[PDB]
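J.: One structure, pasted below without further comment.
Protein chains: 4
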Amino acid sequence: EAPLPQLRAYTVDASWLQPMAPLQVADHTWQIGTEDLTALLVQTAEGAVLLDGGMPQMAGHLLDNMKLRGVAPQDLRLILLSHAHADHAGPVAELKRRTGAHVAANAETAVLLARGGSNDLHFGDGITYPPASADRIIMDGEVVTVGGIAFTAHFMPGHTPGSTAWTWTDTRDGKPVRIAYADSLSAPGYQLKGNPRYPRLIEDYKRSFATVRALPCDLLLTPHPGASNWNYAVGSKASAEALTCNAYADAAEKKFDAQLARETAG
Amino acid sequence: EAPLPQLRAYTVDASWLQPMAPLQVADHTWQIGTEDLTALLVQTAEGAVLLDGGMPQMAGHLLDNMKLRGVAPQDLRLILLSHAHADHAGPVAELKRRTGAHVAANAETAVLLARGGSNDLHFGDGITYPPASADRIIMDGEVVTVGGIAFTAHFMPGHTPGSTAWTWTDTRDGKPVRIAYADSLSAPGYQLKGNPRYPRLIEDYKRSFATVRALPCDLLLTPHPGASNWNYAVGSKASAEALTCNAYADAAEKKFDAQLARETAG
Amino acid sequence: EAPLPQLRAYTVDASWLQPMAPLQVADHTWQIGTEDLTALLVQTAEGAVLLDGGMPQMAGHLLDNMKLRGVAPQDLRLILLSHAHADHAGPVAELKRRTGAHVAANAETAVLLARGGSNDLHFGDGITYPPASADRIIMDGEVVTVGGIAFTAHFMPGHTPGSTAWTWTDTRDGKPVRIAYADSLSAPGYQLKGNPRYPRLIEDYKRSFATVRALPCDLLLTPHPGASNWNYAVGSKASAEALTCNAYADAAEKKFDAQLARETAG
Amino acid sequence: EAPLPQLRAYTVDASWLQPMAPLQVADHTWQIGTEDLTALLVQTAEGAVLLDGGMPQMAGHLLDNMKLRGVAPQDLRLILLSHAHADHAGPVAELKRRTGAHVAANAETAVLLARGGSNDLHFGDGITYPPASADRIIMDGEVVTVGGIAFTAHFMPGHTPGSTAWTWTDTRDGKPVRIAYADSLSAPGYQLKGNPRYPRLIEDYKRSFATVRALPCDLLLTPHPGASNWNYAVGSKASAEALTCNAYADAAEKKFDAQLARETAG
Ligand SMILES: C=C1CO[C@H]([C@@](NC(=O)[C@H](C(=O)O)c2ccc(O)cc2)(OC)C(=O)O)N=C1C(=O)O
Ligand SMILES: C=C1CO[C@H]([C@@](NC(=O)[C@H](C(=O)O)c2ccc(O)cc2)(OC)C(=O)O)N=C1C(=O)O
Ligand SMILES: C=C1CO[C@H]([C@@](NC(=O)[C@H](C(=O)O)c2ccc(O)cc2)(OC)C(=O)O)N=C1C(=O)O
Ligand SMILES: C=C1CO[C@H]([C@@](NC(=O)[C@H](C(=O)O)c2ccc(O)cc2)(OC)C(=O)O)N=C1C(=O)O
């Protein structure tokens, strides 16, 4: 008699777990994650903000890179998230324990984070990670400010119900740089039509494409750098091929429409 | 450059995942888990009680065995736990979703369950499982009653801070049978002395040995059947070699004392 | 020197706390709350559903009326909510403890319920009540079914971010009766414009008026019966003057637009 | 027909709500609460610790007094609690929101805090306050360190299951001062014998008297200053009549034994 199957680990491509040194994006904004997972550190006069953390096992690397930037663990004030899947919110619980940082997130992201990604609308229990609590619930368009730097939330539901873009204005060469950290717009293996767990999925994606098109943006970044044509491994050329918000939304919508037709076709 | 390691699944011996048909323990009490993980179903006139559920992937098997016993999913009223590690509380979240059952547990077990076993005092994040909430917090000696059957909690901290023995009186051949479901008394790989996360660990274990010795008991069962010398695979002979509470406590204390001396010896 | 002020209780009009006997709305749907707070009991072959519970002190009255309807406490399967303010979700924690019912709610309602209505977007801590957990998170358009009766969620944010209308089809005289339990559309004392805690408040209300207009509805009910021109105290004439969904939405939008202009005017 | 009663506010003696300026207890420890509720600020080189906060409406006063001491809101690192009743943990949720501080507490205190004091073992829902989450769960004897100052937890269950004494060593006149902040040992209106919600209440109190007697202590403080014969209103004479730990435990045990006999006598 076959025994029940063993639990299966959430395994990812090696490049998602490949550490990199901090890569400067603008005067106060640094990529400090891995070659293929974004984790943005924004350094202010009154502490630092982290946008996403990658996989659960990246906690120590993130703290190492923070130290290279002059940021002690207790200097991390705030953690913001694109969406609460294991490869973007993975280390949040550990980071909170080791830094004292607060998490700000919308209600959808908060409830998914608090159950550690279990009972996912599409992935079941296959991508569970250590649960964490949100300390501040934010609404669409709400502004969170640290050290004078204002981060604005733009809800873009679809990839998860709580998917969020974050925008802020940094500087470079004395000129403002409007940064938009837009969430994933993929639907990998999702049932798009008539999904009982997400009945308005298609309507939400369509609205989210429009939301991304309209973001204030001189420089777009995404949780997976490849989704916006970044290449973190090539240093000062990393942003050279980066997409605009319009191009990112267009590419995602074309992919979505094609997937929708293939779902209709089996 | 080495990438960070992949996440590692919590894997167990195949016998822990080997389904078995329901095995009657007393007039209303059945073992419905696997060959090497206990999951007790107590069937009352007003619904059923489940004591432990085993590993996360056992949820469907438990519901199958409940159906064989005449217990529909919605007939499950209450889930009780020995301790909230992944191989005993694994399927609790799914069972709650599929049955509507409530969970009753002490505060220590409730907080560990709510973080899905993450940030374990000894095991870190290596044995995380889907988090679940406790619907009723119980105190030491508190009585929980379903369908007239009274279950009494006996706290026995050590293996986890929330480790609990549950006792109830069933029947067999018209005579009462005092059942004691006592938790694990092992300390596998634990730092026993001067543990900053559990400073009174040794004192708690020593008290818990005494608590187990004094339990009202005609028939002892344990989360791992082998710990009390049960053999679920041999049917009506399964209980033949079962230990008394005194023998179980004595064996565990001898093992603990020897481990303590080996820790002193490196 | 003045001491700090005493805590102030959330007090309501006496009619909101005036018990009434069950009032039949359709073949399986009964008003079982007070003269001026709605609490709907829907009785199915496989248990009962409660939609809202009123104030915290109404828990015992609700159970009394359930018993008059033939519904024992353990027969209550599911609690649904319009929104998680103290005068509609007040007794949910106690009801869960005494009945074993599960709560299904969207993420916004779940987070507000879990903090007992504290840190309200508009009311601060003035309307706190005992916190409760949601056992099932639902999405817009999701169907929850008990005993074959399907309840559909329609999100209508504004009064709270989690405000929800629930629809189901009952019967009367052998004909179907599409019931719509639509949430409040009031904004009592709210700052509508440029509210930092709810930046898209006006956009959400405007969308919610349209959502209410389009609900499937032969019979509209509301958390406050007066909002839809019900009068629970007059028995079989209670529904005589009830508004349509279109009239309810129109009246609320006219009131909102007038309030918006008065806010512009001070 | 009588309507259901209105909700009743938790009202306290005016002196419990009477603000006072900071009163120095030792080189780094200050009383910053009210005349009759203790709230201790311990100031370190790496941030401040708050032990208790008093009533919910004291949040602003506490922040005012912190500012007088040179402690900005974001300088508050850690909140510790004696027990999670409304008059000691009242403002914790607001303080967390306004300061970013973490809360460390044992599991019993954490679960009571997370339900805002509702469903109290003895007081029902009469003393509910805004819920808050614990960020770190601590065990008996565990050491929490901020800025080099070590705070040790001593569990003393009875008044609440999670009641805790905290000890640390400060200085004065170049000599060490062992401070013990011991919790309440009262049982106001409690059913002591055969309490189904707290079956081992008497055993826990008796053990807690012994725990308090054995605390390392040169200077005892208590959540209610009068319980240890402090008088915060008389400035530099405030500690003159303060009890020893032995005298505090003796007085509480005599009161408990007398109450136990009166309960036996009706
Ligand atoms: C395009 C992808 C696909 O890879 C990840 C994803 N998926 C996976 O990593 C991968 C997969 O989709 O094949 C997966 C592996 C194992 C699982 O159990 C579930 C999903 O993360 C959960 C996902 O969100 O779909 N994320 C994105 C993304 O856009 O964020
Ligand atoms: C005696 C044991 C050992 O096996 C399990 C245990 N441990 C393991 O299954 C096993 C181990 O201890 O070697 C383990 C595997 C992987 C891990 O990441 C952690 C622990 O479950 C978590 C444990 O509690 O120690 N449980 C018991 C028990 O008495 O309950
Ligand atoms: C129209 C109202 C006004 O009365 C209640 C309400 N408000 C009050 O009961 C009342 C008020 O608005 O004056 C109130 C009393 C005390 C408070 O601390 C806050 C509000 O409940 C919280 C509210 O949601 O605004 N609810 C509605 C409603 O539409 O649901
Ligand atoms: C000795 C007392 C009595 O006063 C408070 C207490 N009680 C009250 O303030 C008071 C009372 O006991 O009479 C009370 C008022 C209103 C209530 O709903 C409940 C209790 O706080 C909840 C309590 O813990 O018993 N606390 C202590 C104490 O030792 O901490």
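Chains as they are written, first to last, in the authors' numbering: chain A, 23 to 288; chain B, 23 to 288; chain C, 23 to 288; chain D, 23 to 288.
Note that the Cβ used here is the ideal one computed from N, Cα and C, for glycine as well.
1) For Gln79(C), return the contacting residues in chain D, with the cut-off set at a CB-CB distance below 7 Å.
2) Could you please give me the residues that DSSP links to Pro198(D) through a beta bridge?
3) Which chain A residues are close to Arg99(D), counting only those with a beta carbon under 9 Å from its beta carbon?
4) Please determine, among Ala283(B), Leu243(B), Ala280(B) and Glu285(B), the residue with the shortest C-alpha to C-alpha distance to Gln53(B).
5) Please decide whether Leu143(C) counts as near chain A, where near means a Cβ-Cβ distance under 9 Å.
6) Taking C-alpha atoms, which residue in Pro27(C), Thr66(C), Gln46(C) and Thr33(C) lies nearest to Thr167(C)?
7) So, for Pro41(C): in the same chain, excluding its five sequence neighbours on each side, which residues have a beta-carbon less than 7 Å away from its beta-carbon?
8) Just to check, is the beta-carbon of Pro152(A) closer than 8 Å to a non-hydrogen atom of ligand 1?
9) Compute every distance between the C-beta of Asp142(B) and the non-hydrogen atoms of ligand 4, then say whether any falls below 8 Å.
10) Against chain A, with Cβ distances strictly below 9 Å, would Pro221(C) count as a contact?
11) If you reduce the DSSP assignment to three classes, tell me which class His144(B) lands in.
12) May I ask you to list the residues that DSSP assigns as paired with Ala172(D)?
13) Taking C-alpha atoms, which residue in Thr286(C), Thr266(C) and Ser208(C) lies nearest to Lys277(C)?
14) Within 9 Å (strictly less), CB to CB, does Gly163(B) reach chain D?
15) Which whole runs of the beta strand (DSSP E) in the stretch 45-95 of chain C are 3 residues long or more, in chain order?
16) Under 8 Å by Cβ, that's how I've got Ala48(D) and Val165(D) pegged, so tell me the actual separation to the nearest angstrom.
17) Residues of chain C with CB under 9 Å from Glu23(D), in chain order?
18) For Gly122(C), count the other beta carbons within 10 Å of its own beta carbon; 16 or more makes it buried, fewer makes it exposed. Which is it?
19) State the DSSP-derived secondary structure class of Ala126(D), mapped to helix, strand or coil.
20) Can you tell me whether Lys215(C) is buried or exposed, with buried defined as 16 or more other CB within 10 angstroms of its CB?
21) Output needed in chain order: residues of the stretch 180-207 of chain A with a Cβ under 9 Å from some Cβ in chain C.
22) Compare the C-beta of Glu263(A) with all C-beta atoms of chain C and state if any pair is closer than 9 Å.
23) So does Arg30(A) have its beta carbon nearer than 8 Å to some heavy atom of ligand 1?
24) Residues in its own chain within less than 7 Å of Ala132(A) by CB, not counting five upstream and five downstream?
25) Should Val125(B) be labelled buried (16 or more other beta-carbon atoms within 10 Å of its own) or exposed?
26) Which residues bound the alpha helix (DSSP H) around residue 289(D)?
27) Tell me, to the nearest whole angstrom, how far the beta carbon of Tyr220(A) is from that of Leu143(A); I am working on the premise that it is less than 8 Å.
28) Of all the CB atoms in chain A, is at least one closer than 9 Å to the CB of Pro218(C)?
29) Please name the residues in the stretch 129-155 of chain C whose beta-carbon is closer than 7 Å to at least one beta-carbon of chain A, in chain order.
30) Which same chain residues, not among the five before or five after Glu68(C), have their C-beta less than 8 Å away from its C-beta?
31) Compare the C-alpha of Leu29(A) against each of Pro210(A), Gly138(A) and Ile149(A) and name the closest.
32) How many Å lie between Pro247(D) and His181(D) at the Cα?
33) If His176(A) and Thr266(A) are in contact, beta carbons under 8 Å, what's the gap, nearest whole angstrom?
34) Give me the Cα-Cα distance between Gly139(A) and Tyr151(A), rounded to the nearest whole angstrom.
35) Taking the alpha helix (DSSP H) that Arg120(B) falls in, what are its first and last residues?
36) List the endpoints of the continuous alpha helix (DSSP H) containing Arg30(C).
T.: To lay it out plainly:
1) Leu26, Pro27 and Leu29
2) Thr193(D)
3) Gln96 and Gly122
4) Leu243(B)
5) yes
6) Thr66(C)
7) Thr56 and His83
8) no
9) no
10) yes
11) coil
12) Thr167(D)
13) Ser208(C)
14) yes
15) 45-48, 51-53, 62-66 and 69-73
16) Actually they do not touch by this definition, with Cβ atoms about 19 Å apart.
17) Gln40 and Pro41
18) buried
19) strand
20) exposed
21) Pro183 and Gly184
22) no
23) yes
24) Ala156 and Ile159
25) buried
26) Outside the displayed range of chain D (23 to 288) lies residue 289(D), so it cannot be described from this structure.
27) 5 Å
28) yes
29) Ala129, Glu130, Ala132 and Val133
30) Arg99, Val168, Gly169 and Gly170
31) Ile149(A)
32) 16 Å
33) Going by Cβ atoms, the distance from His176(A) to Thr266(A) rounds to 16 Å, so no, they are not a contact pair.
34) 6 Å
35) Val114 to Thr121
36) Where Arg30(C) is concerned, there is no enclosing alpha helix (DSSP H), given that its DSSP letter is neither H nor E.
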